[PDB]
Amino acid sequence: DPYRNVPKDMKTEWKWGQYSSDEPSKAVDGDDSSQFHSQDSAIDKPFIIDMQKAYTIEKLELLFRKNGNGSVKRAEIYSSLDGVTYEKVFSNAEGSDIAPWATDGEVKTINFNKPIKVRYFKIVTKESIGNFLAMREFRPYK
């Protein structure tokens, strides 16, 4: 299956509430239709995914809401082994050389130039429709 190398039983950490039933766990439930949707502005707030174990990750796929509140245009992504010290591994924030994402609901892929040993990912929304984060799926690949 195409997702054989996506870690199972990822856990999430979000401290600022959800909209309706769109809970943080729905960003990593393997269902492209279900989503996390923040209750309020997610700008500069960390959405953390704990893979439970360190893996050498080769790429990320992110899937956001299509054309509505929470569709992400720009974000920074950080990685950590210990959950304290994070290093930036991706940015399409203003000033970077990477274009903002279209709000088209299609998979956004980040292919790492070399695999990175990581346990935790932190996603920091920098620009999004309505300032929310609405993330249908986050998939790191071993």
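Counting begins at 1, following the sequence as shown.
Stretch comparison (50-58 versus 91-99) by mean CA B-factor in the PDB entry places 91-99 on top. The PDB entry assigns its highest CA temperature factor, among 77, 27, 107, 84, to 84. Across 8, 139, 142, 136, the greatest Cα temperature factor reported in the deposited entry is at 8. Among the modelled residues of its chain, residue 14 has a C-alpha B-factor that falls in the middle third, as given in the PDB entry.
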